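What follows is start-v9.cif (mmCIF, C-alpha atoms and all ligand atoms).
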```cif
data_model
loop_
_atom_site.label_atom_id
_atom_site.label_comp_id
_atom_site.auth_asym_id
_atom_site.auth_seq_id
_atom_site.Cartn_x
_atom_site.Cartn_y
_atom_site.Cartn_z
CA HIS A 1 37.94 0.30 60.15
CA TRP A 2 37.78 -2.14 57.31
CA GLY A 3 39.50 -1.64 53.98
CA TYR A 4 41.67 -3.44 51.48
CA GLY A 5 45.15 -3.42 53.12
CA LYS A 6 47.35 -5.83 54.87
CA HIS A 7 46.03 -4.85 58.13
CA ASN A 8 42.39 -4.24 57.40
CA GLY A 9 41.58 -6.13 54.23
CA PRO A 10 39.28 -9.03 53.43
CA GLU A 11 41.13 -11.51 55.45
CA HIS A 12 40.34 -9.43 58.64
CA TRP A 13 36.70 -8.62 57.99
CA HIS A 14 35.34 -11.59 59.89
CA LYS A 15 36.44 -10.04 63.26
CA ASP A 16 33.97 -7.18 62.95
CA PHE A 17 31.55 -9.01 60.61
CA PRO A 18 31.46 -12.69 61.50
CA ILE A 19 29.00 -13.36 58.66
CA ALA A 20 32.17 -13.16 56.51
CA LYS A 21 32.53 -16.87 57.19
CA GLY A 22 28.86 -17.58 56.47
CA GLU A 23 27.11 -20.04 54.18
CA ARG A 24 26.24 -17.67 51.35
CA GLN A 25 29.17 -15.29 50.90
CA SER A 26 30.17 -13.50 47.76
CA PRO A 27 31.94 -13.33 45.40
CA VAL A 28 32.53 -16.89 44.17
CA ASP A 29 34.41 -18.58 41.40
CA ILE A 30 31.97 -19.53 38.61
CA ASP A 31 32.96 -23.01 37.40
CA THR A 32 31.46 -22.94 33.97
CA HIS A 33 31.48 -26.64 33.60
CA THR A 34 29.48 -27.24 36.64
CA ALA A 35 26.98 -24.42 36.41
CA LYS A 36 23.92 -26.10 35.05
CA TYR A 37 21.72 -24.65 32.38
CA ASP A 38 18.32 -24.01 33.88
CA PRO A 39 15.59 -23.78 31.20
CA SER A 40 13.21 -22.49 33.83
CA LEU A 41 15.26 -19.18 34.13
CA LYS A 42 13.85 -16.23 32.29
CA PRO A 43 15.42 -13.58 30.26
CA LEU A 44 16.52 -10.78 32.36
CA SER A 45 14.55 -7.55 32.06
CA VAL A 46 16.72 -4.49 32.49
CA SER A 47 14.60 -1.36 32.23
CA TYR A 48 16.79 1.66 32.56
CA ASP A 49 15.15 4.10 30.14
CA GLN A 50 13.98 6.37 32.97
CA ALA A 51 16.98 6.03 35.24
CA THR A 52 17.85 9.28 36.99
CA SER A 53 21.32 9.53 38.12
CA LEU A 54 22.00 12.24 40.60
CA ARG A 55 25.49 12.19 42.02
CA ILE A 56 28.88 10.39 42.18
CA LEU A 57 30.45 9.68 45.46
CA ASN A 58 34.05 8.55 46.67
CA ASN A 59 33.15 6.61 49.72
CA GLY A 60 36.68 5.65 50.51
CA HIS A 61 36.16 2.04 49.09
CA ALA A 62 35.02 2.77 45.63
CA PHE A 63 32.94 5.38 43.87
CA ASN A 64 29.19 5.11 43.74
CA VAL A 65 27.02 6.50 40.81
CA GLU A 66 23.74 7.17 42.66
CA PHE A 67 20.24 7.13 41.42
CA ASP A 68 16.91 8.58 42.46
CA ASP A 69 15.19 5.44 43.72
CA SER A 70 12.08 7.30 45.05
CA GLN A 71 10.01 5.90 42.18
CA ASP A 72 10.03 2.80 39.78
CA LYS A 73 12.29 4.33 37.29
CA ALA A 74 15.14 1.94 36.63
CA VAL A 75 14.17 -1.62 37.49
CA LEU A 76 15.47 -5.11 37.16
CA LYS A 77 12.99 -7.96 36.91
CA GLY A 78 12.74 -11.43 35.35
CA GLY A 79 15.74 -13.57 35.16
CA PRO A 80 15.80 -15.60 38.43
CA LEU A 81 13.86 -12.88 40.24
CA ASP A 82 10.28 -12.72 41.60
CA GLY A 83 9.11 -9.17 41.68
CA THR A 84 10.70 -5.81 40.99
CA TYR A 85 14.04 -4.47 42.04
CA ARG A 86 14.89 -0.73 41.85
CA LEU A 87 18.32 0.58 40.91
CA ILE A 88 19.96 2.55 43.77
CA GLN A 89 23.63 2.76 42.74
CA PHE A 90 26.40 1.27 40.73
CA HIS A 91 30.06 0.98 41.50
CA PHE A 92 33.13 -0.94 40.45
CA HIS A 93 35.92 -3.03 41.82
CA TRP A 94 39.32 -2.98 40.08
CA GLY A 95 42.94 -3.91 40.26
CA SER A 96 46.36 -2.37 40.42
CA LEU A 97 47.06 -4.19 37.10
CA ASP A 98 44.83 -5.52 34.36
CA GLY A 99 45.34 -9.15 35.55
CA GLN A 100 43.15 -8.73 38.65
CA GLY A 101 40.28 -6.62 39.88
CA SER A 102 37.14 -8.63 39.49
CA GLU A 103 35.40 -10.16 42.49
CA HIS A 104 33.71 -13.01 40.70
CA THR A 105 36.02 -15.19 38.67
CA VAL A 106 35.19 -17.50 35.73
CA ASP A 107 37.07 -20.79 35.85
CA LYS A 108 39.55 -18.89 38.13
CA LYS A 109 40.03 -16.11 35.53
CA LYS A 110 40.13 -12.65 37.00
CA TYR A 111 38.96 -9.71 34.91
CA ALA A 112 40.43 -6.22 35.17
CA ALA A 113 37.33 -4.91 36.91
CA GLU A 114 33.72 -5.66 37.79
CA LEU A 115 30.73 -3.39 37.72
CA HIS A 116 27.96 -3.90 40.24
CA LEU A 117 24.50 -2.44 39.61
CA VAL A 118 22.68 -2.67 42.88
CA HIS A 119 18.92 -3.00 43.10
CA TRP A 120 16.53 -3.45 46.05
CA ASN A 121 13.29 -5.40 46.16
CA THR A 122 10.43 -2.99 46.20
CA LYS A 123 8.38 -5.31 48.38
CA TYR A 124 10.55 -4.19 51.35
CA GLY A 125 10.01 -0.49 50.81
CA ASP A 126 13.58 0.83 51.26
CA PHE A 127 17.13 -0.35 50.88
CA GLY A 128 17.84 -0.58 54.56
CA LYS A 129 14.88 -2.93 55.10
CA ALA A 130 15.76 -4.92 51.98
CA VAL A 131 19.26 -5.76 53.11
CA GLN A 132 17.73 -7.58 56.07
CA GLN A 133 16.01 -10.09 53.79
CA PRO A 134 17.43 -13.03 51.87
CA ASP A 135 15.75 -11.83 48.68
CA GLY A 136 16.27 -8.17 49.39
CA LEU A 137 18.80 -7.22 46.68
CA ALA A 138 19.60 -8.12 43.12
CA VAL A 139 23.09 -7.21 41.99
CA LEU A 140 23.90 -7.28 38.33
CA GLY A 141 27.59 -7.95 37.89
CA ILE A 142 29.39 -7.14 34.66
CA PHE A 143 33.06 -7.94 34.00
CA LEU A 144 35.41 -5.43 32.43
CA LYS A 145 38.30 -6.35 30.20
CA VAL A 146 40.89 -3.91 28.82
CA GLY A 147 40.76 -3.30 25.08
CA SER A 148 38.53 -0.85 23.20
CA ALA A 149 37.19 2.09 25.09
CA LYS A 150 33.60 2.03 26.36
CA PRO A 151 32.15 5.31 25.11
CA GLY A 152 29.42 5.13 27.69
CA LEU A 153 31.85 4.99 30.55
CA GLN A 154 33.78 8.14 29.59
CA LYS A 155 31.38 10.53 31.46
CA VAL A 156 32.16 8.64 34.59
CA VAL A 157 35.92 8.64 34.08
CA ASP A 158 36.08 12.32 33.39
CA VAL A 159 34.32 13.23 36.71
CA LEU A 160 36.74 11.24 38.84
CA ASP A 161 39.29 14.07 39.14
CA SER A 162 36.64 15.93 41.11
CA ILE A 163 36.20 13.12 43.68
CA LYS A 164 39.73 12.08 44.16
CA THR A 165 39.56 11.51 47.84
CA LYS A 166 37.24 9.86 50.38
CA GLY A 167 34.10 11.86 51.11
CA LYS A 168 34.12 13.89 47.98
CA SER A 169 30.97 13.96 45.86
CA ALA A 170 29.86 15.71 42.68
CA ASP A 171 26.62 16.29 40.80
CA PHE A 172 26.20 13.58 38.25
CA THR A 173 22.94 13.89 36.53
CA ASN A 174 21.62 12.41 33.35
CA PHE A 175 24.04 9.53 33.15
CA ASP A 176 22.57 6.56 31.30
CA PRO A 177 23.70 3.18 32.66
CA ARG A 178 22.51 1.45 29.52
CA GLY A 179 25.85 2.52 28.11
CA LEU A 180 27.56 0.13 30.43
CA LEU A 181 25.80 -3.03 29.35
CA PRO A 182 27.15 -5.72 27.02
CA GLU A 183 25.22 -6.97 24.03
CA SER A 184 24.09 -10.25 25.61
CA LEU A 185 22.17 -10.64 28.81
CA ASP A 186 23.19 -14.30 29.24
CA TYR A 187 23.96 -14.80 32.91
CA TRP A 188 24.86 -17.00 35.81
CA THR A 189 22.91 -16.69 39.03
CA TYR A 190 23.35 -17.81 42.61
CA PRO A 191 22.38 -16.69 46.16
CA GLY A 192 25.00 -14.67 47.98
CA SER A 193 25.96 -11.57 49.85
CA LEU A 194 27.15 -8.03 49.76
CA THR A 195 30.88 -8.10 49.00
CA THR A 196 31.73 -5.28 51.40
CA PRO A 197 30.90 -5.07 55.09
CA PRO A 198 28.35 -5.66 56.46
CA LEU A 199 28.49 -8.67 54.08
CA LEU A 200 24.78 -9.33 54.49
CA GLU A 201 23.42 -12.47 52.87
CA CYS A 202 20.66 -10.63 50.98
CA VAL A 203 21.67 -10.79 47.34
CA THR A 204 20.49 -12.70 44.31
CA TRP A 205 23.56 -12.39 42.12
CA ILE A 206 23.14 -12.14 38.36
CA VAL A 207 26.57 -12.17 36.67
CA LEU A 208 26.62 -11.52 32.95
CA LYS A 209 28.72 -13.84 30.82
CA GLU A 210 29.79 -11.25 28.31
CA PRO A 211 32.33 -8.66 29.58
CA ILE A 212 32.44 -5.10 28.48
CA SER A 213 35.61 -3.64 27.05
CA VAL A 214 37.14 -0.50 28.48
CA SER A 215 40.35 1.11 27.50
CA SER A 216 43.61 1.07 29.42
CA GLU A 217 43.24 4.83 29.70
CA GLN A 218 39.80 4.49 31.32
CA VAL A 219 40.95 1.99 33.93
CA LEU A 220 44.08 3.98 34.58
CA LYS A 221 41.86 6.87 35.66
CA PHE A 222 40.07 4.58 38.20
CA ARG A 223 43.50 3.82 39.62
CA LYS A 224 44.26 7.51 40.21
CA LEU A 225 41.48 7.70 42.83
CA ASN A 226 42.48 7.65 46.48
CA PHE A 227 41.30 5.62 49.43
CA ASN A 228 42.43 8.40 51.78
CA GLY A 229 40.74 11.68 52.51
CA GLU A 230 41.94 15.14 51.32
CA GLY A 231 45.27 15.94 52.41
CA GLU A 232 46.15 12.68 54.06
CA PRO A 233 49.03 10.30 52.88
CA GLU A 234 48.20 9.16 49.39
CA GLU A 235 47.21 5.53 48.98
CA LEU A 236 45.89 4.81 45.52
CA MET A 237 42.41 3.26 45.27
CA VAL A 238 43.39 -0.05 43.69
CA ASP A 239 42.69 -3.70 44.47
CA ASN A 240 39.39 -2.90 46.12
CA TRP A 241 38.09 -6.40 45.45
CA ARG A 242 37.13 -9.26 47.81
CA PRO A 243 38.48 -12.61 46.63
CA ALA A 244 36.27 -15.63 45.86
CA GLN A 245 34.66 -17.24 48.86
CA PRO A 246 33.62 -20.86 49.46
CA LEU A 247 30.60 -21.92 47.43
CA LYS A 248 29.37 -24.25 50.20
CA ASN A 249 25.96 -25.55 49.64
CA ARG A 250 25.13 -23.51 46.51
CA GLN A 251 24.33 -24.10 42.95
CA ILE A 252 25.25 -21.66 40.23
CA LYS A 253 22.67 -21.72 37.39
CA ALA A 254 23.17 -20.65 33.80
CA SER A 255 20.52 -18.89 31.76
CA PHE A 256 22.10 -20.19 28.53
CA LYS A 257 23.13 -23.45 26.90
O1 LIG A 301 28.29 0.58 51.64
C1 LIG A 301 28.60 -0.68 51.62
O2 LIG A 301 29.71 -1.09 51.32
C2 LIG A 301 27.60 -1.79 51.86
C3 LIG A 301 26.94 -2.05 50.54
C4 LIG A 301 25.91 -1.27 49.96
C5 LIG A 301 25.32 -1.47 48.79
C6 LIG A 301 25.82 -2.51 47.97
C7 LIG A 301 26.79 -3.35 48.45
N1 LIG A 301 27.21 -4.48 47.68
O3 LIG A 301 27.97 -5.35 48.12
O4 LIG A 301 26.89 -4.58 46.44
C8 LIG A 301 27.39 -3.10 49.71
ZN ZN A 302 30.54 -4.33 44.52
#
```

Take the structure in the file and give it back as structure tokens.
Ligand SMILES: O=C(O)Cc1cccc([N+](=O)[O-])c1
Ligand SMILES: [Zn+2]
Amino acid sequence: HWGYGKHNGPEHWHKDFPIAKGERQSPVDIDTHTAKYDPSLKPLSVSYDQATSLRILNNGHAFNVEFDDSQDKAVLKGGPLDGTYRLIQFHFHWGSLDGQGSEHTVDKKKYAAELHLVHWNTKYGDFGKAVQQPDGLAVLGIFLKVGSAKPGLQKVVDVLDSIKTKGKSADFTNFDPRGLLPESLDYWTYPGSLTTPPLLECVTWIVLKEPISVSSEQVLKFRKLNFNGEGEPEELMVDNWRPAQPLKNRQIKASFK
């Protein structure tokens, strides 16, 4: 099955998921000089005051911080979006070294990591129905750079020892994702896809301009996770990022001058 190795990594995904070579794949390089300011874009509305995290999961590709999405409790709206999108999970992508890890790039710059907050359009009722629609998901992407620690991330880091290997989960209640957000909500937006199989072309991407800072110690604990299951040969969970894909016939719009 798919992964991030030599034999099963991004460059192979198209064999099982031909949409890998589609017209609206993600991530992309954001060319800041050609992304045009769009005055018609709205401020993004991130309403996470009632978010109810439940659990953290090692799915063998990343770890997912999961939310109760059975009511409108943590929603993303505004920005480029029409309607209301409910938070279901967040996860990250990261590198073996601080010089790579992000999926999106900014003028070809790779950040150490990228956080993806995944939301589904309530007009489709559930996640599985939403991913079948071109406006089904809104993913908020946030770059991580290594410097100062992110206090709000530390709860996540400290639980990772308990989900070292694929298929492990742990209770993870009361975690507030507001602690993961940067000061500014300036963003770029474009139409794209999931960045893992099945690579469905269902996402409005909203990539924040301002990275968060995490410490070397924090990212080092991401890199102690394992792709393998308990008791199998250890292969560190690192470089679980898809590289930039062709922009094709897309425009990247900026919310800011
Ligand atoms: O389980 C999976 O890899 C598919 C999936 C599910 C939810 C979000 C995703 N994304 O690319 O942001 C991908
Ligand atoms: Zn992701």

**Study point:** Near-stretch 160-170 of chain A list (6 Å; all atoms listed in the file; drop same-chain fewer than 2 positions) as a list in words
**Key:**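 Near stretch 160-170 of chain A, the qualifying residues are residues 55, 56, 57, 58, 59, 60, 157, 158, 225, 226, 227, 228, 229 and 230 of chain A.
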
Exercise for review: Go through the chains and note each residue within 6 Å of ligand ZN 302 (chain A), using only C-alpha atoms and all ligand atoms, then give the set as a list in words.
Suggested key: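 Result of the 6 Å neighbour search around ligand ZN 302 (chain A): residues 92, 116 and 195 of chain A.
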
Any chance you could export the current selection's C-alpha atoms as a PDB file, in the frame of the given file?
```pdb
ATOM      1  CA  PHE A  92      33.130  -0.940  40.450  1.00  0.00           C
ATOM      2  CA  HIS A 116      27.960  -3.900  40.240  1.00  0.00           C
ATOM      3  CA  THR A 195      30.880  -8.100  49.000  1.00  0.00           C
TER       4      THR A 195
END
```

Practice item. Please indicate the distance in Å from atom CA of residue A:42 to atom CA of residue A:75, rounded to one decimal place. Key: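 A separation of 15.5 Å between them.
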
Check your understanding: So what do you get for atom CA of residue A:3 versus atom CA of residue A:29, distance-wise?
Key ->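 So the answer is 21.7 Å.
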
Practice item. For ligand LIG 301 (chain A), list the contacting residues at 6 Å or closer, counting only C-alpha atoms and all ligand atoms, as an NGL selection string. Key: :A and (118 or 194-197)

Revision key, fill the gap. From atom CA of residue A:13 to atom CA of residue A:130 the spacing works out at 22.1 Å

Check your understanding: Which residue, A:144, A:74, A:19, A:138, has the smallest gap to residue A:104 when you use all atoms listed in the file?
Key ->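 Among A:144, A:74, A:19, A:138, it is A:144 that comes nearest to residue A:104.
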
**Study point:** Surrounding residues of residue A:178 excluding itself and chain neighbours under 5 positions, 10 Å, only C-alpha atoms, as a PyMOL selection string
**Key:** chain A and resi 46-49+51+152

Practice item. For a cut-off of 10 Å around (36.4, -3.2, 30.2), file coordinates, pick out all residues using all atoms listed in the file and list them as a PyMOL selection string. Key: chain A and resi 98+111-115+142-150+153+180+211-216+218-219
